[PDB]
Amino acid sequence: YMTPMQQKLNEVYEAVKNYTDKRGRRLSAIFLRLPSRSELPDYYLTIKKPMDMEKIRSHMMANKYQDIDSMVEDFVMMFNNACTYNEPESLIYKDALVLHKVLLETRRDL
């Protein structure tokens, strides 16, 4: 679609968005948009800096990322948030770990 760095940003975003496991489950589904404060109040009690993929996507679509590693840092904050709020035995916790590996593998390639 356009410039090298915009393309790299898009590739990072899409890799995490589109990832599917062996059963065809899209792990990013629950991460697109945070519920409201009344819907998930314990998250907002626990997490200093709320983050979801729609937030990252908006920032990206408005050309506000000046490098790739800023975008990577926002995803890492998202997954760190998930693994701070949720217990290790939860599925969302395990999904966050997987997608954090997906993110880094993508970044490693450029």
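Numbering starts at 1 and runs along the sequence shown. Each form is matched to the other, and the largest set of C-alpha atoms that superpose within 1.5 Å is called the rigid core.
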*Compare 99-107 with 4-12 and report which one shows the larger root mean square C-alpha deviation from this form in 9 other deposited structures of this protein once the rigid core is superposed.*
4-12
*Which of the two stretches, 33-41 or 51-59, moves more in 9 other deposited structures of this protein when the core is held fixed, judged by C-alpha RMS distance?*
33-41
*Between 85-93 and 17-25, which has the larger average Cα B-factor in the PDB entry?*
17-25
*State which stretch shows the higher mean Cα B factor in the entry: 69-77 or 55-63.*
55-63
*Third of chain Cα B-factors occupied by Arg33*: lowest
